[PDB]
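In what follows, a single structure is set out as structure tokens and then discussed.
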Amino acid sequence: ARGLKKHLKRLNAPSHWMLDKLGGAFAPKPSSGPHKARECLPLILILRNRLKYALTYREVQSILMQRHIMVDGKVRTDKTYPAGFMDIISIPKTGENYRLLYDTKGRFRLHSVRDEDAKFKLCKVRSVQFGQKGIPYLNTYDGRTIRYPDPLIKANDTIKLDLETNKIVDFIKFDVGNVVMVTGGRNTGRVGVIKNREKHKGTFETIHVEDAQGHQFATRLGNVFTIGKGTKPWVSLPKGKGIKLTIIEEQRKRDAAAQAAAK
Amino acid sequence: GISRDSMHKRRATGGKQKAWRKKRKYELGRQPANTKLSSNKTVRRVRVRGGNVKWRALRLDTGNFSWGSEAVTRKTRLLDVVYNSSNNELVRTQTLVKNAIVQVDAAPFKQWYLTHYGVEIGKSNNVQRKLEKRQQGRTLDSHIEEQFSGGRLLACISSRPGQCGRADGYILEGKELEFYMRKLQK
Amino acid sequence: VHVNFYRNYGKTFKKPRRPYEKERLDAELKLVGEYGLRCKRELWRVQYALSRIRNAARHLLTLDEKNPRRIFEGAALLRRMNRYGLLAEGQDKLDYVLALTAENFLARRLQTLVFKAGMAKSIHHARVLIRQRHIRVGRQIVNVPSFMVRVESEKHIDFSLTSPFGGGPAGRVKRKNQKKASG
RNA sequence: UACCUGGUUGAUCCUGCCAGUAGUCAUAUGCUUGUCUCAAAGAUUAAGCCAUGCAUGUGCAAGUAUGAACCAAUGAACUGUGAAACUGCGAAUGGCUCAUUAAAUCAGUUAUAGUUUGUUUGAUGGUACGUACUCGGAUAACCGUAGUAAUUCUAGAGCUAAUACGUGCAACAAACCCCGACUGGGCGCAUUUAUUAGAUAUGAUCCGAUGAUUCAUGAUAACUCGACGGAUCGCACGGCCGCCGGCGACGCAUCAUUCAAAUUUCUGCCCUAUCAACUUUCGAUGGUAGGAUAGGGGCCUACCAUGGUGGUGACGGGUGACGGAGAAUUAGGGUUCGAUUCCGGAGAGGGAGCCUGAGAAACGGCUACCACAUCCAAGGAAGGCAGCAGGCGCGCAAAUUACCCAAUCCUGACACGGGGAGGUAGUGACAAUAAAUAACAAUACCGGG
RNA sequence: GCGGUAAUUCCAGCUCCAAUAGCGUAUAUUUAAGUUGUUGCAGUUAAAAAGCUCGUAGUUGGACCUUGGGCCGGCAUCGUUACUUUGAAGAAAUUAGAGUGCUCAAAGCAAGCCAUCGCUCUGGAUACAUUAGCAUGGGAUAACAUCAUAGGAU
RNA sequence: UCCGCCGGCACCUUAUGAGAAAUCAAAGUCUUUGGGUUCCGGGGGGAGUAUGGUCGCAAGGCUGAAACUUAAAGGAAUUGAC
RNA sequence: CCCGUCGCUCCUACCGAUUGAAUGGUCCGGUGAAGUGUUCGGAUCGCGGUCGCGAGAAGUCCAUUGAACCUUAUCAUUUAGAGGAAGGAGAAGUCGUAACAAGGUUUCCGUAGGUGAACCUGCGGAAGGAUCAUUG
Ligand SMILES: [K+]
Ligand SMILES: [K+]
Ligand SMILES: [K+]
Ligand SMILES: [K+]
Ligand SMILES: [Mg+2]
Ligand SMILES: [Mg+2]
Ligand SMILES: [Mg+2]
Ligand SMILES: [Mg+2]
Ligand SMILES: [Mg+2]
Ligand SMILES: [Mg+2]
Ligand SMILES: [Mg+2]
Ligand SMILES: [Mg+2]
Ligand SMILES: [Mg+2]
Ligand SMILES: [Mg+2]
Ligand SMILES: [Mg+2]
Ligand SMILES: [Mg+2]
Ligand SMILES: [Mg+2]
Ligand SMILES: [Mg+2]
Ligand SMILES: [Mg+2]
Ligand SMILES: [Mg+2]
Ligand SMILES: [Mg+2]
Ligand SMILES: [Mg+2]
Ligand SMILES: [Mg+2]
Ligand SMILES: [Mg+2]
Ligand SMILES: [Mg+2]
Ligand SMILES: [Mg+2]
Ligand SMILES: [Mg+2]
Ligand SMILES: [Mg+2]
Ligand SMILES: [Mg+2]
Ligand SMILES: [Mg+2]
Ligand SMILES: [Mg+2]
Ligand SMILES: [Mg+2]
Ligand SMILES: [Mg+2]
Ligand SMILES: [Mg+2]
């Protein structure tokens, strides 16, 4: 009340952190970092609860202190560091370069990308204005800021950003006909192609997207993330990429029963 | 202490509002600086929210005043306070606040005018070949020029002395000046 | 805070509105008598579960046929019924499940199936044998007479390996008698 | 399970209530109680009062070791660990309670183009010049003289450090703006003020952003007695003839981000008219100019105007009223409840004022008054369980002065310390789940096909 | 309502009944209660039409205006709402609900399988969530002023 | 005198209507429940009482409780008795 | 069947002389701690050149926030009270018979007066009347 809060109750944790209700009174509060602490997956919830590498809040530390975790091309030790979207969690030694992608149910998935594809990432772009001494800068959506950007780059764009030599390799503008993945709300994790953008003077830029399998859905100007030019994404999607409503999930379970086992 | 809450005020319906909490620090107030025009300058540092610093000027004698028409800013000493829009006892007490009319000596401005326009009021070839160019458009208001002989120019304070610790301002000209002259003449 | 407070919990029987009625009392006593129960609670909880299922089915049947929030849970309810041996293969509609009754549920209890499988001399002997750890479903010992068996496990009920009735060593009574006869 | 039954009569049909019927994560109580699992537990009355013990400290290779410390060594500064102490950081989170509070808190939904933000992540630091191979004075631990009945009460003396404190080279530029020698001053970044560019949308002709800005930003003139612009630490040793050099730690400033707060838009709350007018000279509603604030604003001051709300219930009163998510019962509609573990607010006996700090009007911080209450050598000194456990009291009404950081997480200089947060055992018929107290045969007796 | 010398009702024995490791009692309140009635009560005689009329606010207000028509990146500047459809944003927990043989259950979000130096990318679904706010389509039914000094449209 | 129309005070017969019934052509068109609107009742007493407010010269009028007590009070019709 | 006065007992509430009593709250007024900012002040300390600069405690002045106490008034809650008086209950009663039959004077409303009590009477009204009716 008189200041900041350093505790996060388990029942107050974000939903995509599927945490057992009777597992404790507290959840790991995400540290300050590049991502918004509600759309992030802390490292504690990576070496635990997603991989069986660590078993407690004592071996996550025991393997972070060995400097074994390299997120976004940099060794990180803070166990509650907020890896939030498409961050390259590159585990050295064993080589587990993982892109944090959005499951069709709003979850977080560690898509195992190849090593040479793990040397870059992509970032969404916030406003672009003039800095001190009249030097334009980028100010992406994951805390990153890049000075001297190419003048074609504008707001809401996406940039393919290198890691070892941090410079913009190329970029995709925000326009209709581009692959887009939704990263917020109920439509999280659904890829599609923008059909038209509707503009309301004052607020609420609404984007209408067409799914590959024929479905259509709308969302805000936020929560969307351009992925690739035209209809070809620049990254490997985890699987499915379609909403897959409950009935067809039941059908998949049925055919899994009727095949494979089939007995 | 002094607070800025609406807690003690009354509703727009004229009904008394009760109290459900104590006073809070983040809504405090402080005593006014009550800056004075005096020769013994004194400015005291204040520590404000966030750890930043406010400069509370208790006494000032000089200032940074700008002639907008010629766009020249000079440091000069204030001589008197002649008008105060809000309170008529703030000129009797000679209190430096924003929008308070003051008088500043014209010596720096006379010196700049002489060395720039080549004209005194109140070298081989380049300087003379450039001086008449500035003398071609040289024009001054009669009310502006009549104060150089007197040695003091009417001016207005645009800074907040109790906040920035300084008294800067601009020289009164045009439609402003006579409006105050008709208020200062008697 | 106490984290244990977050565990959900509920009640399973309801008790009747009118406590003293002759016809209802005789009906309940009749059912208890040949289904080998212990009290009216063992039957009231079955009534409660059946009432919940019937209410769900009735709510589903009120919706339009082309409503997915009818198709999905209609399929789920019929799947559960066909899984627990309640609805026959000739009753694959949401209307038949509204016609279910308490004896359908009581016929699927482990005690009832043990009695009807010829392993027990009477439905009370079945309950006694169940509570004495003599019966295993599949490979798992069960000592709960209310265990509702499924169709796929109906062919695996058998006396346990540890049981003297399923190939175990003699109980303490027989061993005591052998000790007495030894000397 | 969308349900009724008894009672007015000599008897009848009604209105109508009394009584009966079932539930309550709803509290007492009474009798009884074998097993398994799961669990509330001094809220109601007194936010009444507290003996006692604990609940917040913290050290990495990497700020400061000479313990007259330990473990090893054998002319060198130290060159292993390290108690104490200085320095830094934290103690504004968590925990507890519901007294005040009825468009007020609060919920959904807005805004900051009206602001502050330690920290985390990314980027960015040319102007000091008017000993830099590295400046100065103290001080703690230590040691020894003490005072007092007394306390992490207190005074002198002698030593010695810094990433403490205080000074000071800031090391080496360019461009530009002004005053100017006939054919020199300014200028890093920060602060304040003023002027000015930021276009339309000499042939060939650069220039961002919003729904919206004199906006982002640039140039100019000046201004400020400017806690700013590294006198800091660890590891590895190398390459060029003394020169140069890596990987890290901590620290200062600006911007963006994250963590947030503050203020704010619209709509929404229980009973009362035996509450119909309320507010305003002294702020009530609005305007102008200031002051103050991190910032908008009658938030405050001077002057001015007479406005603002109300049968669509203002104003006033009651609440055994914290608000919500939610709980019980539910054919549907509904009625009643919501102290309590999740979110928000408020409080630390009652009011008030404030220091430090990025963050407090903080009470396991201070200062004062009021009420209690504690030693005392009677000169003075120290207080805050609505934290955990426990005690008294109040009551119809509520458990151990136990164990532990093993789990969940948080905090610190930190892999390592600590955590009455939290977990574990104890009491527990609040509530709830499953479930023993006999099954079979023969014989005796008695029935039906 | 019972007990005034024959007590089916009190005090006890026997027998029997209901629930059963649970039952009784007191308060509070949900149902019962269509005895608070919007759904959905009543007002001649049972309690309940004002002595009567006028009257502002409130509530409620006649009819009338697209049908035949089959087919089946631009660029404006505009009557406003209620209603209805579709979408978005929407804390978890609780509730409903899919999967899952904790031995069953109340639960939990786990797990399952060849009999592996492992795999199923294992799963950790989905609804509802009044009203108010934002956006898309519809214009039937309704409310406002707009309606003949042309100061109208082109 | 006869016929017809509108408006009014009533009356007679009959439900196929309603109602506890008396009875009602409206007191009908009501579990097959909804045309608009005003007032007003919640078992019988205490009680139209206490007190406050307000109008009146007064008598009084309008508004109007609570503690407590009680298992009935009451409506229509029926058979007796008187 | 049934009504009221009077007599006895208990219970609840009301009026009530006492400028009642107590408790909590608010407005006004007086005193006003303590902190915060400001004015003056200068115990002392450091350095500089037998001369200046800097830091600075106690104290003091004004303003501000303002606890707390002391009177008046007012609001809200509980209660004492001599006396009066009202309801209800009680198996003890006294006095009559007002109502139910044409209740022996038909009954009942509004209003006014009167008397031991139910009640009586004057004026206007009603049938809930003991008359649905005199074209005679
Ligand atoms: K601190
Ligand atoms: K809100
Ligand atoms: K302000
Ligand atoms: K701090
Ligand atoms: Mg906006
Ligand atoms: Mg009852
Ligand atoms: Mg056992
Ligand atoms: Mg310390
Ligand atoms: Mg807290
Ligand atoms: Mg109130
Ligand atoms: Mg509001
Ligand atoms: Mg600008
Ligand atoms: Mg202002
Ligand atoms: Mg004023
Ligand atoms: Mg309260
Ligand atoms: Mg609450
Ligand atoms: Mg509690
Ligand atoms: Mg809370
Ligand atoms: Mg507080
Ligand atoms: Mg206390
Ligand atoms: Mg305090
Ligand atoms: Mg304490
Ligand atoms: Mg505290
Ligand atoms: Mg208890
Ligand atoms: Mg007898
Ligand atoms: Mg009724
Ligand atoms: Mg009557
Ligand atoms: Mg009547
Ligand atoms: Mg009438
Ligand atoms: Mg119409
Ligand atoms: Mg009544
Ligand atoms: Mg007669
Ligand atoms: Mg008589
Ligand atoms: Mg008579």
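As shown in the structure tokens, the chain order sets the letters A, B, ...; within each chain, residues go from 1, and ligands are also counted from 1 in the order they appear.
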
Using only C-alpha atoms (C1' of nucleotides), determine which residues lie at most 8 Å from segment 19-29 of chain C, disregarding the query and same-chain residues fewer than 6 positions distant; provide the list as a PyMOL selection string.
(chain C and resi 40+43) or (chain E and resi 18)

Exercise answer, chain A residues close to chain C, 12 Å and only C-alpha atoms, as an MDAnalysis selection string:
chainID A and resid 9:11 20:26 245:251 254

Kindly provide, as number ranges by chain, the residues of chain D having any atom no farther than 7 Å from an atom of chain C, counting only C-alpha atoms (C1' of nucleotides).
D: 21-22, 341, 432, 439

Name the residues, by chain letter and number, that sit within 8 Å of ligand 33 using only C-alpha atoms (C1' of nucleotides) and all ligand atoms, and give them as a PDB file with N, CA and C atoms (P, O5', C5', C4', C3', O3' and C1' of nucleotides), in the first residue's frame.
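Just written: result_4.pdb:
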ATOM      1  P     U G  97     -82.142  -4.528  34.920  1.00  0.00           P
ATOM      2  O5'   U G  97     -81.564  -4.532  33.438  1.00  0.00           O
ATOM      3  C5'   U G  97     -81.310  -3.312  32.751  1.00  0.00           C
ATOM      4  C4'   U G  97     -80.459  -3.529  31.526  1.00  0.00           C
ATOM      5  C3'   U G  97     -81.123  -4.328  30.409  1.00  0.00           C
ATOM      6  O3'   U G  97     -80.629  -3.874  29.151  1.00  0.00           O
ATOM      7  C1'   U G  97     -79.197  -5.470  31.154  1.00  0.00           C
ATOM      8  P     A G  98     -81.268  -2.586  28.437  1.00  0.00           P
ATOM      9  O5'   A G  98     -80.018  -1.629  28.199  1.00  0.00           O
ATOM     10  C5'   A G  98     -80.073  -0.558  27.271  1.00  0.00           C
ATOM     11  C4'   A G  98     -78.906  -0.602  26.318  1.00  0.00           C
ATOM     12  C3'   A G  98     -78.940  -1.713  25.283  1.00  0.00           C
ATOM     13  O3'   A G  98     -79.757  -1.411  24.166  1.00  0.00           O
ATOM     14  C1'   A G  98     -76.821  -1.679  26.302  1.00  0.00           C
ATOM     15  P     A G  99     -80.615  -2.572  23.467  1.00  0.00           P
ATOM     16  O5'   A G  99     -79.549  -3.369  22.601  1.00  0.00           O
ATOM     17  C5'   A G  99     -78.733  -2.711  21.646  1.00  0.00           C
ATOM     18  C4'   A G  99     -77.790  -3.685  20.993  1.00  0.00           C
ATOM     19  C3'   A G  99     -78.434  -4.955  20.469  1.00  0.00           C
ATOM     20  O3'   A G  99     -79.016  -4.783  19.191  1.00  0.00           O
ATOM     21  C1'   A G  99     -76.535  -5.514  21.746  1.00  0.00           C
ATOM     22  P     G G 103     -86.163  -4.967  18.738  1.00  0.00           P
ATOM     23  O5'   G G 103     -85.733  -6.193  19.658  1.00  0.00           O
ATOM     24  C5'   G G 103     -86.599  -6.680  20.674  1.00  0.00           C
ATOM     25  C4'   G G 103     -85.868  -6.930  21.967  1.00  0.00           C
ATOM     26  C3'   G G 103     -84.696  -5.995  22.258  1.00  0.00           C
ATOM     27  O3'   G G 103     -84.676  -5.688  23.649  1.00  0.00           O
ATOM     28  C1'   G G 103     -83.960  -8.238  22.314  1.00  0.00           C
ATOM     29  P     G G 104     -84.574  -4.163  24.141  1.00  0.00           P
ATOM     30  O5'   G G 104     -86.043  -3.807  24.640  1.00  0.00           O
ATOM     31  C5'   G G 104     -86.987  -3.187  23.777  1.00  0.00           C
ATOM     32  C4'   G G 104     -88.353  -3.809  23.928  1.00  0.00           C
ATOM     33  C3'   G G 104     -88.912  -3.831  25.347  1.00  0.00           C
ATOM     34  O3'   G G 104     -89.663  -2.666  25.659  1.00  0.00           O
ATOM     35  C1'   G G 104     -89.025  -6.006  24.405  1.00  0.00           C
TER      36        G G 104
END

Using atom CA of residue 57 of chain A and atom CA of residue 108 of chain A as the two end points, give the distance in Å to one decimal.
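According to the coordinates, atom CA of residue 57 of chain A and atom CA of residue 108 of chain A are separated by 20.6 Å.
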
Using only C-alpha atoms (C1' of nucleotides) and a cut-off of 8 Å, which residues of chain E sit close to chain A? Please list them as an NGL selection string.
:E and (87-89 or 91-93 or 109 or 121 or 124-126 or 134)

Select the residues contacting ligand 27 at a distance of at most 9 Å, based on only C-alpha atoms (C1' of nucleotides) and all ligand atoms, then format the selection as a list in words.
residues 45 and 46 of chain E; 74 and 75 of chain F; 128 of chain G

What residues of the protein or nucleic acid chains come within 9 Å of ligand 16 when you use only C-alpha atoms (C1' of nucleotides) and all ligand atoms? Reply as a PyMOL selection string.
chain D and resi 98+322-324+338-340

Using the selection just defined, write its residues with N, CA and C atoms (P, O5', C5', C4', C3', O3' and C1' of nucleotides) as a PDB file, in the first residue's frame.
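For reference, selection.pdb as written:
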ATOM      1  P     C D  98     -12.543  -8.710  12.616  1.00  0.00           P
ATOM      2  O5'   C D  98     -12.904  -7.265  12.051  1.00  0.00           O
ATOM      3  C5'   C D  98     -13.100  -6.166  12.933  1.00  0.00           C
ATOM      4  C4'   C D  98     -13.398  -4.886  12.191  1.00  0.00           C
ATOM      5  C3'   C D  98     -14.721  -4.861  11.428  1.00  0.00           C
ATOM      6  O3'   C D  98     -15.306  -3.565  11.526  1.00  0.00           O
ATOM      7  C1'   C D  98     -12.934  -4.432   9.938  1.00  0.00           C
ATOM      8  P     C D 322     -19.183  -3.742   9.370  1.00  0.00           P
ATOM      9  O5'   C D 322     -17.951  -3.415   8.422  1.00  0.00           O
ATOM     10  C5'   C D 322     -17.935  -3.867   7.079  1.00  0.00           C
ATOM     11  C4'   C D 322     -17.577  -2.757   6.126  1.00  0.00           C
ATOM     12  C3'   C D 322     -17.748  -3.078   4.651  1.00  0.00           C
ATOM     13  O3'   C D 322     -19.082  -2.931   4.201  1.00  0.00           O
ATOM     14  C1'   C D 322     -15.616  -2.160   4.987  1.00  0.00           C
ATOM     15  P     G D 323     -19.727  -4.034   3.231  1.00  0.00           P
ATOM     16  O5'   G D 323     -19.139  -3.677   1.798  1.00  0.00           O
ATOM     17  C5'   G D 323     -19.564  -2.515   1.104  1.00  0.00           C
ATOM     18  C4'   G D 323     -18.899  -2.410  -0.243  1.00  0.00           C
ATOM     19  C3'   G D 323     -18.932  -3.664  -1.097  1.00  0.00           C
ATOM     20  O3'   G D 323     -20.164  -3.873  -1.760  1.00  0.00           O
ATOM     21  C1'   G D 323     -16.748  -2.823  -1.073  1.00  0.00           C
ATOM     22  P     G D 324     -20.699  -5.369  -1.993  1.00  0.00           P
ATOM     23  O5'   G D 324     -19.666  -5.993  -3.031  1.00  0.00           O
ATOM     24  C5'   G D 324     -19.593  -5.497  -4.357  1.00  0.00           C
ATOM     25  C4'   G D 324     -18.401  -6.039  -5.103  1.00  0.00           C
ATOM     26  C3'   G D 324     -18.395  -7.527  -5.390  1.00  0.00           C
ATOM     27  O3'   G D 324     -19.246  -7.903  -6.452  1.00  0.00           O
ATOM     28  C1'   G D 324     -16.268  -6.874  -4.636  1.00  0.00           C
ATOM     29  P     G D 338     -24.224  -9.654   6.480  1.00  0.00           P
ATOM     30  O5'   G D 338     -22.997 -10.054   5.546  1.00  0.00           O
ATOM     31  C5'   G D 338     -22.124 -11.113   5.910  1.00  0.00           C
ATOM     32  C4'   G D 338     -21.206 -11.506   4.778  1.00  0.00           C
ATOM     33  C3'   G D 338     -20.225 -10.450   4.305  1.00  0.00           C
ATOM     34  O3'   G D 338     -19.103 -10.325   5.156  1.00  0.00           O
ATOM     35  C1'   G D 338     -21.197 -11.534   2.441  1.00  0.00           C
ATOM     36  P     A D 339     -18.412  -8.894   5.361  1.00  0.00           P
ATOM     37  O5'   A D 339     -17.721  -9.007   6.788  1.00  0.00           O
ATOM     38  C5'   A D 339     -17.048  -7.899   7.360  1.00  0.00           C
ATOM     39  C4'   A D 339     -15.940  -8.352   8.269  1.00  0.00           C
ATOM     40  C3'   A D 339     -14.964  -9.343   7.661  1.00  0.00           C
ATOM     41  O3'   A D 339     -13.972  -8.733   6.856  1.00  0.00           O
ATOM     42  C1'   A D 339     -15.672 -10.150   9.750  1.00  0.00           C
ATOM     43  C1'   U D 340     -12.471 -14.365   7.465  1.00  0.00           C
ATOM     44  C3'   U D 340     -11.213 -13.240   5.823  1.00  0.00           C
ATOM     45  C4'   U D 340     -11.398 -12.336   7.024  1.00  0.00           C
ATOM     46  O3'   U D 340      -9.983 -13.037   5.157  1.00  0.00           O
ATOM     47  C5'   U D 340     -11.768 -10.909   6.726  1.00  0.00           C
ATOM     48  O5'   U D 340     -12.942 -10.830   5.937  1.00  0.00           O
ATOM     49  P     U D 340     -13.517  -9.422   5.480  1.00  0.00           P
TER      50        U D 340
END

Using only C-alpha atoms (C1' of nucleotides), which residues sit within 10 Å of residue 49 of chain F once same-chain residues fewer than 5 positions away are excluded, as a PyMOL selection string?
(chain F and resi 65) or (chain G and resi 86-87)

Based on DSSP run over this structure's backbone, return all residues of segment 84-203 of chain A in helix (DSSP H, G or I), as an mmCIF file with N, CA and C atoms, in the first residue's frame.
data_model
loop_
_atom_site.group_PDB
_atom_site.id
_atom_site.type_symbol
_atom_site.label_atom_id
_atom_site.label_comp_id
_atom_site.auth_asym_id
_atom_site.auth_seq_id
_atom_site.Cartn_x
_atom_site.Cartn_y
_atom_site.Cartn_z
ATOM 1 N N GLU A 116 21.155 -22.494 -36.131
ATOM 2 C CA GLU A 116 21.430 -21.366 -37.015
ATOM 3 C C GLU A 116 20.238 -20.422 -37.104
ATOM 4 N N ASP A 117 19.025 -20.931 -36.891
ATOM 5 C CA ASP A 117 17.850 -20.074 -36.813
ATOM 6 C C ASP A 117 17.710 -19.401 -35.456
ATOM 7 N N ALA A 118 18.529 -19.784 -34.480
ATOM 8 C CA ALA A 118 18.488 -19.211 -33.144
ATOM 9 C C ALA A 118 19.410 -18.013 -32.984
ATOM 10 N N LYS A 119 20.127 -17.623 -34.034
ATOM 11 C CA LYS A 119 21.010 -16.470 -33.952
ATOM 12 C C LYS A 119 20.277 -15.154 -34.164
ATOM 13 N N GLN A 132 17.443 12.855 -28.511
ATOM 14 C CA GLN A 132 18.272 14.028 -28.284
ATOM 15 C C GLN A 132 19.301 14.160 -29.400
ATOM 16 N N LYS A 133 19.651 15.408 -29.715
ATOM 17 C CA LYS A 133 20.480 15.756 -30.868
ATOM 18 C C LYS A 133 19.821 15.368 -32.186
ATOM 19 N N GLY A 134 18.513 15.132 -32.173
ATOM 20 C CA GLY A 134 17.804 14.762 -33.388
ATOM 21 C C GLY A 134 18.219 13.426 -33.964
#

Please, which residues of segment 95-140 of chain A, numbered as in this document, come out strand (DSSP E or B) from DSSP, as a ChimeraX atom specification?
/A:98-102,108-112,120-125,129-130,136-137,140

Would you mind listing the residues within 9 Å of ligand 14, counting only C-alpha atoms (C1' of nucleotides) and all ligand atoms, as a PDB file with C-alpha atoms (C1' of nucleotides), in the first residue's frame?
ATOM      1  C1'   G D 283     -14.880  28.537  -0.262  1.00  0.00           C
ATOM      2  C1'   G D 298     -10.806  26.729  -4.503  1.00  0.00           C
ATOM      3  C1'   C D 300      -4.650  27.858  -0.831  1.00  0.00           C
ATOM      4  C1'   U D 301      -4.297  33.630  -1.445  1.00  0.00           C
ATOM      5  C1'   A D 302      -6.096  38.773  -3.718  1.00  0.00           C
ATOM      6  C1'   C D 303      -9.991  40.745  -6.671  1.00  0.00           C
TER       7        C D 303
END

Computed gap from atom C1' of residue 256 of chain D to atom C1' of residue 124 of chain D is 11.1 Å

Determine which residues of chain A sit within 12 Å of chain B, taking into account only C-alpha atoms, and present them as a compact mmCIF listing (two decimals) with N, CA and C atoms, in the first residue's frame.
# COMPACT_ATOMS: atom_id res chain seq x y z
N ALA A 1 0.83 -1.20 0.00
CA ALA A 1 0.00 0.00 0.00
C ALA A 1 0.86 1.25 0.00
N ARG A 2 1.81 1.31 0.94
CA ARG A 2 2.74 2.43 1.00
C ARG A 2 3.85 2.33 -0.03
N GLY A 3 3.94 1.21 -0.75
CA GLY A 3 4.94 1.05 -1.79
C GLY A 3 4.69 -0.14 -2.69

Considering only C-alpha atoms (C1' of nucleotides), return as a ChimeraX atom specification whatever protein or nucleic-acid residues lie within 10 Å of segment 16-28 of chain G, sequence-local ones (same chain, fewer than 4 positions apart) excluded.
/G:72-84

For the residues in that selection, give me C-alpha atoms (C1' of nucleotides) as a PDB file, in the first residue's frame.
ATOM      1  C1'   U G  72     -21.941  27.909  26.582  1.00  0.00           C
ATOM      2  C1'   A G  73     -25.242  25.909  23.176  1.00  0.00           C
ATOM      3  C1'   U G  74     -27.062  21.867  20.485  1.00  0.00           C
ATOM      4  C1'   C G  75     -27.859  16.712  18.655  1.00  0.00           C
ATOM      5  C1'   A G  76     -28.310  11.406  19.844  1.00  0.00           C
ATOM      6  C1'   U G  77     -28.944   7.141  23.761  1.00  0.00           C
ATOM      7  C1'   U G  78     -30.415   4.952  28.659  1.00  0.00           C
ATOM      8  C1'   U G  79     -32.617   5.808  33.190  1.00  0.00           C
ATOM      9  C1'   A G  80     -34.929   7.865  38.572  1.00  0.00           C
ATOM     10  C1'   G G  81     -39.265  10.380  39.803  1.00  0.00           C
ATOM     11  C1'   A G  82     -44.359  12.056  44.092  1.00  0.00           C
ATOM     12  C1'   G G  83     -48.949  12.137  41.216  1.00  0.00           C
ATOM     13  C1'   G G  84     -52.292  11.166  37.094  1.00  0.00           C
TER      14        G G  84
END

Let me see if you get this right: every residue at most 9 Å from ligand 15, counting only C-alpha atoms (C1' of nucleotides) and all ligand atoms, written as a PyMOL selection string.
chain D and resi 98-101+319-322

Spatial neighbours of residue 171 of chain B, 7 Å, only C-alpha atoms (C1' of nucleotides), chain gap at least 3 places, as a PyMOL selection string
chain B and resi 65-67+154-156
